[PDB]
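Read the single chain below, which is given as structure tokens and is the form deposited in one PDB entry.
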């Protein structure tokens, strides 16, 4: 059982929506420390790891820890009913139901039924969210895959298509590149469709840390409310 209060329903809705683009259903582990969730998309190409610490909730009361399963598609619809200034209350008792209350000008309570990484990276780059998002959109216009190239103090994203091509270079002098630590020239390619969903909802000024290796998965992480952690693991493109 628990009672968790989050200020800013819209923000929470956004997070869930992002997750729903890849995940249809998932189990949320609710502990005294926070809420965590891990799952893979249907194609088993993306792994998503979310952690929301109790510190981002205006009230976090967990009587006894518990894991709950929910349909994200159904969950998002309800959460999208909340506004930016609305407070969201998540409550769970004995029954297999989740009580979702949107409190604003009035109190609206929904009742929804509940259902039942150690990689040797050789490159780490920290870029601004705006840059990452633009790069992914540019690439989608030319190809279905985007190549990541990381060299000493240099980060490049390229996409090659039938007859078109796009390239985004970045150096320490650039405002988009905050940090870069490369042990050796690193390159690999990933599916643009996946990255599109991943960079969905991503802020403009938020810092995104990307780690990857030659022909190996990419790890992407950024924070929500500075404390919440959203980590993605994306397999390379065959």
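Numbering follows the first chain given and starts at 1. C-alpha atoms forming the largest set that superposes within 1.5 Å between two forms make up the rigid core.
Count the deposited residues lacking coordinates between residue 116 and residue 117 and you get 4 to 9 of them. Judged by mean Cα B factor in the deposited record, 171-179 ranks above the other of 208-216 and 171-179. Relative to one another, 161-169 and 77-85 have unequal mean CA B-factors, and 161-169 is the one with the higher figure. Of the candidates 61, 185, 197, 41, the PDB record gives 185 the highest C-alpha temperature factor. The PDB entry assigns residue 140 a C-alpha temperature factor belonging to the middle third of its chain's modelled residues. In the deposited entry, the Cα temperature factor of residue 23 sits in the top third of values across the chain's modelled residues. For residue 69, the recorded CA B-factor ranks within the middle third of the chain. Only modelled residues enter the ranking. When all modelled residues of the chain are sorted by CA temperature factor, residue 122 is found within the middle third. Ranked by C-alpha B-factor against the other modelled residues of its chain, residue 37 falls in the middle third.
One more form of this protein should be noted, the form deposited with a partner chain bound, which is absent from this view; the next part is about it.
Partner contacts here mean any heavy atom within 4.5 Å of its partner chain in the bound PDB entry, and among 59-67, 45-53, 27-35, 179-187 they occur only in 45-53. Proximity of residue 5 to its partner chain in the bound PDB entry falls outside the 4.5 Å heavy atom cutoff. Proximity of residue 117 to its partner chain in the bound PDB entry falls within the 4.5 Å heavy atom cutoff. The shortest heavy atom separation between residue 201 and its partner chain in the bound PDB entry exceeds 4.5 Å. At a distance threshold of 4.5 angstroms between non-hydrogen atoms, residue 226 is out of contact with its partner chain in the bound PDB entry. Of the residues checked (62, 47, 182, 27), the rigid-core alignment between the shown form and the other one shows a Cα shift of at least 2 Å for 182 alone. Relative to the superposed core, residue 200 undergoes a Cα shift of 2 Å or more between the shown form and the other one. For residue 100, a C-alpha deviation below 2 angstroms is recorded between the shown form and the other one after rigid-core alignment. Core-superposed comparison between the shown form and the other one: CA of residue 159 displaced by less than 2 Å.
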